[PDB]
């Protein structure tokens, strides 16, 4: 049926230009306009404007007048969104959405994340989070690993190559100073650490890096 297919995720430096595409199928492209919507990490869905597939004329919301450009390839049933001179505030997921029946946003693209950062591909540093000694809440000890200074997303974290799944909390990564940082905690019985080994397994495909960090007690 009707499908809106957007181009893949984008990683860009500040000041660069990015062009998102949105290919429509299953309906007469020129009979319905194309909305563009921005969703910043913590903000609500914001309408950026729309492109008339009949006139080719764009309409821009007030907050998106200047650096933003909608364009058309009617022969390819494709709408485009170009953002020039990128800033960090431009970091968001961008959706195309048909200006559908009664102006409802009745069909949406899957979204295009845009990450703005001065960093290029950087493997993570993996730091052990050990308590050392004197730490056992309800016969349980909590260990962790800190995954710092990597770019871009994602990194996967497992514990003992998957054997520790329950009791694992891997926390969503946060972008600070143009690099990502995440943490992962594992809670294991105090009878099993440090007697049995516990190892954080960090994979970062973008840098083709895997890091295994054994958690050992702090020296004291």
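Numbering follows the first chain given and starts at 1.
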Avg C-alpha B-factor, entry values, 140-148 vs 127-135, higher side is 127-135
Using only the Cα atoms and their B-factors as the entry lists them, report which of 95-103 and 71-79 averages higher.
71-79
Maximum C-alpha temperature factor per the entry, among 154, 194, 49, 172, belongs to which one?
194
Deposited CA B-factor, highest of 34, 182, 37, 188:
188
Residue 177 - Cα temperature factor, lowest/middle/highest third of chain:
highest
Of the three thirds of Cα B-factor ranks in this chain, residue 9 occupies the middle
Which third, lowest, middle or highest, does the C-alpha temperature factor of residue 166 belong to within its own chain?
highest
Sorting the chain's CA B-factors, does residue 113 end up in the lowest, middle or highest third?
middle
